[PDB]
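Consider the single chain below, provided in structure tokens and representing the form deposited in one PDB entry.
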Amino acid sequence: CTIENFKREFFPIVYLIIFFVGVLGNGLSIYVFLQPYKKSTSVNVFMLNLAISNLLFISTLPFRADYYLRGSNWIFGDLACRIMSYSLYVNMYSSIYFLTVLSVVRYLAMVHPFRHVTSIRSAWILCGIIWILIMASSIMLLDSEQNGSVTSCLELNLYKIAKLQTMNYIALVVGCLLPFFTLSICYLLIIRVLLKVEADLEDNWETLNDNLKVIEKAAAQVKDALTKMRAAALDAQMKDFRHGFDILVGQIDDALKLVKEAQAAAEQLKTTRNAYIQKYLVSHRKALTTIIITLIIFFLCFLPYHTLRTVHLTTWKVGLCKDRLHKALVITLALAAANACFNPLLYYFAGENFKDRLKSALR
């Protein structure tokens, strides 16, 4: 079949591109992660696990490239071929779950921007669960260099066809479609919460500026406005935040009841309210960026690959090439592999003190 001629040129190129790009990206990302910083978070745990998985997988790519560069002749021994298969699939599904967990965590965080020792350890416990389950689910590959007159690895063949037809069925459903479903619900929930919270924040800021413009324009009415604002704040009852705001109000109302000092003190509420707003806004930015990048990764790297893989398995026959479908599969397999060098975009644009650690390293 002519696809083999296509493969022997196509795979070395993309595998080595992914190798070098991924070594640079992941090596630098892991170096940054491990830099000391005053605070740490569970999302750093999940990102670190993802980057380690990707770099381990990337370390296998020069061997696959060698395979194809030798005319599809494997020289590295039977165990190494087994490990090629195992590393490919363990990386793929560990990555999918680490991404899904990361999106879920960002949602749960944006719900509660203000309010633990335990969640750092919990992130490791969860990661360990994911590793155990995926590694145990994949050990089939370790139990199954086959060919004669040449040594062939990485190839679909009759011996394994039925096996993979069954295995696909589970990995398609639990390893791909269920996580993408979880992501789609997460997207819906992120958008809903973000829109509602920012509408509320705009209302809050607008009423504050109205009251402050009233105080700026017109001492008899200053006390009235301050008492109305104090009553509104008490009915709003972040105990320390409310107490700080109320203490601002009480200081202004004292400086009034004692016109220059009180009107000036009125402005101090504005900067504290802007910081209160910014905390929420940062949490929402992070969640939305994460979910968008992750959905794009899924559309590019994983769903086309699983679709074409499934159809390739279902229609496979011993003496037929199907070069066009097979070529499409080869390309989407490349994309799935390339996820391992794509993921540091997420570390850079949605990291947790990532740029802070990076600036520290630069110092």
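Under this definition, the rigid core comprises the largest set of C-alpha atoms superposing within 1.5 Å between the forms. Each residue number is its position in the shown sequence, starting from 1.
Asks: Taking the other PDB entries of this protein that cover both neighbours, check whether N147 lacks coordinates in at least a third of them.
Replies: Comparison shows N147 dropped in at least a third of the other entries.
Asks: For at least a third of the other PDB entries compared, is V117 missing from the model even though its neighbours are present?
Replies: Residue status for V117: gap in at least one third of the other entries.
Asks: Count, per the entry, the deposited residues between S144 and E145 that are not modelled, and return the matching class: none, 1 to 3, 4 to 9, or 10 or more.
Replies: Count of unmodelled residues in between: 1 to 3.
Asks: Zero if continuous, otherwise a range: how many residues of the deposited sequence are missing coordinates between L258 and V259 (none, 1 to 3, 4 to 9, 10 or more)?
Replies: The entry leaves 4 to 9 residues without coordinates here.
Asks: For the stretches 322 to 330 and 38 to 46, which has the higher mean C-alpha B-factor as given in the deposited record?
Replies: Taking the mean B-factor of the alpha carbons in each, 38 to 46 is higher.
Asks: Looking at the entry, does 151 to 159 or 190 to 198 show the higher mean C-alpha B-factor?
Replies: Comparing averages over the C-alpha atoms only gives 151 to 159.
Asks: For the CA B factor values reported in this entry, which option in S87, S137, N204, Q268 has the top one?
Replies: It is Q268.
Asks: Using only the C-alpha B-factors in the record, can you name which of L208, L288, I125, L248 has the highest?
Replies: That would be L248, according to the entry.
Asks: Split into thirds by Cα B-factor across the chain's modelled residues, where does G71 land: lowest, middle or highest?
Replies: Ranked within chain, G71 CA B lands in the middle tercile.
Asks: How does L300 rank on Cα B-factor within its chain, lowest, middle or highest third?
Replies: Its C-alpha B-factor belongs to the highest third of this chain's values.
Asks: Would you mind checking where the Cα B-factor of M110 ranks among the modelled residues of its chain, as the lowest, middle or highest third?
Replies: Middle third.
Asks: Looking at the C-alpha B-factor of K7, is it in the lowest, middle or highest third of its chain?
Replies: Lowest third of the chain for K7's C-alpha B-factor.
Asks: Should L226 be placed in the lowest, middle or highest third of its chain by the C-alpha B factor in the entry?
Replies: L226: CA B-factor falls in the highest third of its chain.
In what follows, reference is made to the form deposited in another entry, a form of this protein that is not presented.
Asks: Identify which of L154, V90, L126, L208 has its C-alpha displaced by 2 Å or more between this form and the one not shown once the rigid core is superposed.
Replies: None of the others reach 2 Å, which leaves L208.
Asks: Superposing on the rigid core, is the Cα displacement of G77 between this form and the one not shown 2 Å or more?
Replies: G77 C-alpha, core-superposed: shift of less than 2 Å.
Asks: Could you tell me whether the Cα atom of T100 shifts by at least 2 Å between this form and the one not shown after core superposition?
Replies: No, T100 moves less than 2 Å.
Asks: Inspect the rigid-core superposition and answer whether the C-alpha of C176 shifts by 2 angstroms or more between this form and the one not shown.
Replies: No, its C-alpha moves less than 2 Å.
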